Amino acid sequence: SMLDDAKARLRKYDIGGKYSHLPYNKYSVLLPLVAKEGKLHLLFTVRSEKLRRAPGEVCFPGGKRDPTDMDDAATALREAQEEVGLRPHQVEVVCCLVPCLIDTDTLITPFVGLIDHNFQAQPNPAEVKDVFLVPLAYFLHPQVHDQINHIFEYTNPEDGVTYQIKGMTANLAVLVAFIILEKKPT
């Protein structure tokens, strides 16, 4: 099946807890895969304009590890619940992808999660201005604009709204698309 095939692909790239004890400032993100209309999608947030770090940017759900978290995956799930109302029974964490090093002292660990079909986002407006889906296949043929660094523009056909996706978030989206969609019979 589509979902069993996606999980099987993802597991081959799982690094697990290999880098998880290193003494960094630690953040996790959840890359949430949603199946709709017979295709996989990624769920993104738009950060609230009131946040002082990166207001109005497109990001995956996530945030800083805290002492309650059993592990890095727990960080991702706790933050996703706070930001968009995703409950732990509504997500299956499939793997941990390559972590992202930033600012010399920070390590961001991305987890891919399969999201239940009955989940409906409840954006928390203190943190999230918007939540939206992008089909995973978009990231194989994105609409690129150069600002010099590459920016993806995705227009939602439901409503005509264009979102800019860039940086780590864009990079991770492409990675997941490659992992899941490469070398597939039609």
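For every residue, the number given is its place in the sequence shown, counted from 1.
Exercise for the section: Using none, 1 to 3, 4 to 9 or 10 or more, say how many deposited residues go missing between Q147 and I148. Expected result: 10 or more residues lack coordinates between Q147 and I148.
Exercise for the section: Taking the mean of the C-alpha B-factors per stretch from the entry, tell me the winner out of 152 to 160 and 47 to 55. Expected result: Higher mean C-alpha B-factor: 47 to 55.
Handout entry: 122 to 130 set against 27 to 35, stretch whose average Cα temperature factor tops the other in the entry
Key = Mean C-alpha B-factor is greater for 122 to 130.
Exercise for the section: Would you mind checking which of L101, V91, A73, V98 has the top Cα temperature factor in the PDB entry? Expected result: Across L101, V91, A73, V98, the entry lists the biggest C-alpha B-factor for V98.
Exercise for the section: Could you say whether, by C-alpha temperature factor, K18 belongs to the lowest, middle or highest third of its chain? Expected result: Ranked within chain, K18 CA B lands in the highest tercile.
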